[PDB]
Amino acid sequence: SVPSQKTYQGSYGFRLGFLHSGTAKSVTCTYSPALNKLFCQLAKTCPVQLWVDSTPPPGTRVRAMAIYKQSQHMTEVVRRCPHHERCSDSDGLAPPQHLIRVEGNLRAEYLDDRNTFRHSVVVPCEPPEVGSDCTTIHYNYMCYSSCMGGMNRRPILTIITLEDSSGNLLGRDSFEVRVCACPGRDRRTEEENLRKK
Ligand SMILES: C=CCOc1cc(C(=O)O)c(O)c(I)c1-n1cccc1
Ligand SMILES: [Zn+2]
């Protein structure tokens, strides 16, 4: 099977937001609205904002999962490559096979789905801090898009779902991801390729 990627704001008006980090050579994470695509370096902080129009109930959670973007690969589980799954870079909580980690949240839970074998990471919703209007989750991507025997240059999407306490769907959003050495240059190149076309 294949997880849905349909954008769904749901009853709470759920959607993502991204910072405006620019495309300088030194940037470590940068989001392209024109491409709906995040470009980031390996194992660097990726801030993803969560926005709602109304407060979801206590016990609501936010899950992240990666799938391959191309239809001919969508049934394959996205996982870390044979090198990175063995490199002993564990944070004590994420299984070494998982591509997506949450940084700095001891309540993150990592799921290996017993039926689909897909990986995901889920955290409890927490309201914005005083003086803020949204909540931010910090994700890390633990393989390059190019890693041989893993993503192997195939594009991926990240699907972010807002879920109730039983795991039922409340909202969904998504974005493409490229994990690469020079996200600023790659964002500029791909936005130029989208122009021209
Ligand atoms: C159960 C926890 C309440 O979750 C929120 C409350 C508010 C609020 O304004 O009351 C909000 O703005 C946000 I964004 C969240 N939220 C956190 C992650 C996804 C949504
Ligand atoms: Zn790798």
Side-chain angles (χ1 to χ4, degrees), residues 7-19 31 39-44 46-68 73 76-91 94-109 119-128 130-156 158-175 177-183 186:
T7 298
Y8 173 55
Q9 289 207 351
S11 300
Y12 304 102
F14 176 72
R15 72 280 185 180
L16 303 178
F18 298 86
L19 301 176
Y31 174 74
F39 297 79
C40 61
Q41 288 176 354
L42 175 69
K44 299 295 178 63
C46 298
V48 178
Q49 301 175 335
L50 309 171
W51 290 89
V52 295
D53 293 328
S54 55
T55 303
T60 308
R61 301 202 294 176
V62 176
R63 184 177 305 275
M65 180 184 291
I67 65 169
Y68 287 112
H73 300 297
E76 180 175 335
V77 173
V78 178
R79 59 172 60 260
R80 292 180 87 191
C81 75
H83 165 66
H84 282 116
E85 73 166 10
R86 299 185 63 244
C87 75
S88 302
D89 58 10
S90 167
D91 60 6
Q97 302 95 323
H98 280 222
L99 176 70
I100 304 178
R101 299 182 184 176
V102 168
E103 203 172 358
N105 189 337
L106 300 173
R107 295 202 294 165
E109 297 178 5
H119 305 162
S120 59
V121 55
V122 59
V123 299
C125 296
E126 291 162 9
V130 177
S132 295
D133 294 322
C134 70
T135 292
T136 301
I137 298 178
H138 300 104
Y139 292 108
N140 295 336
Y141 292 84
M142 304 299 304
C143 263
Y144 288 112
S145 290
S146 64
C147 276
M148 308 154 64
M151 287 182 284
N152 194 28
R153 307 190 174 275
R154 295 176 287 182
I156 60 158
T158 298
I159 302 167
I160 307 293
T161 49
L162 189 69
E163 299 181 341
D164 71 17
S165 60
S166 289
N168 300 308
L169 170 77
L170 301 176
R172 192 188 297 104
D173 204 341
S174 62
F175 53 99
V177 181
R178 172 176 173 77
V179 189
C180 56
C182 306
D186 287 352

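Counting starts at 1 for both ligands and their atoms, following the listed order. Nothing fancy with the numbering, it's 1 onward along the sequence.
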*Asks:* Is the closest side-chain heavy-atom distance between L170 and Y12 below 4.5 Å?
*Replies:*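 A side-chain contact under 4.5 Å exists here.
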*Asks:* I'd like to know whether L16 forms a side chain to side chain contact (heavy atoms under 4.5 Å, CB included) with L50, so could you lay out the CA-CA distance, the side-chain angles of the two residues, the decisive distance to 0.1 Å, and finally the verdict.
*Replies:* CA-CA 5 Å; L16 303 178; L50 309 171; 3.6 Å; yes
*Asks:* Are the side chain of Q41 and the backbone of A181 linked by a donor-acceptor contact shorter than 3.5 Å?
*Replies:*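 Checked: pair present.
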*Asks:* Can you tell me if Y139 and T158 form a side-chain donor-acceptor pair at under 3.5 Å?
*Replies:*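 Per modelled atom types, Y139 and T158 side chains form no pair under 3.5 Å.
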*Asks:* Okay, side chain of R80, backbone of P96: is any donor-acceptor separation there less than 3.5 Å?
*Replies:*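 At least one qualifying donor-acceptor pair exists.
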*Asks:* Less than 4.5 Å apart, any side-chain heavy atom of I100 and any of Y141?
*Replies:*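 The answer is yes, as the side chains (C-beta and beyond) meet within the 4.5 Å cut-off.
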*Asks:* Quick check against the 3.5 Å criterion: does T135 have a side-chain atom that pairs as donor or acceptor with the backbone of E126?
*Replies:*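 Yes, the answer is positive, given that a donor and an acceptor are paired below the 3.5 Å cut-off.
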*Asks:* Would you call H73 and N152 a side-chain contact if the rule is heavy atoms closer than 4.5 Å?
*Replies:*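 No; the side chains remain at least 4.5 Å from each other.
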*Asks:* Applying a heavy-atom distance cut-off of 4.0 Å, which protein residues contact ligand 1?
*Replies:*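 Those residues closer than 4.0 Å to ligand 1 by some heavy atom are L50, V52, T55, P56, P57, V62, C125, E126, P127, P128, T135.
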*Asks:* Say whether, by atom type as modelled, one donor and one acceptor occur between the side chain of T161 and the main chain of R172 under 3.5 angstrom.
*Replies:*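 Not at all, since once roles are kept as given, no pair shorter than 3.5 Å links the two residues.
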*Asks:* Is any protein N, O or S atom closer than 2.8 Å to the Zn ion (ligand 2), and if so, which?
*Replies:*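 Sorted hits: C81 SG, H84 ND1, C143 SG, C147 SG.
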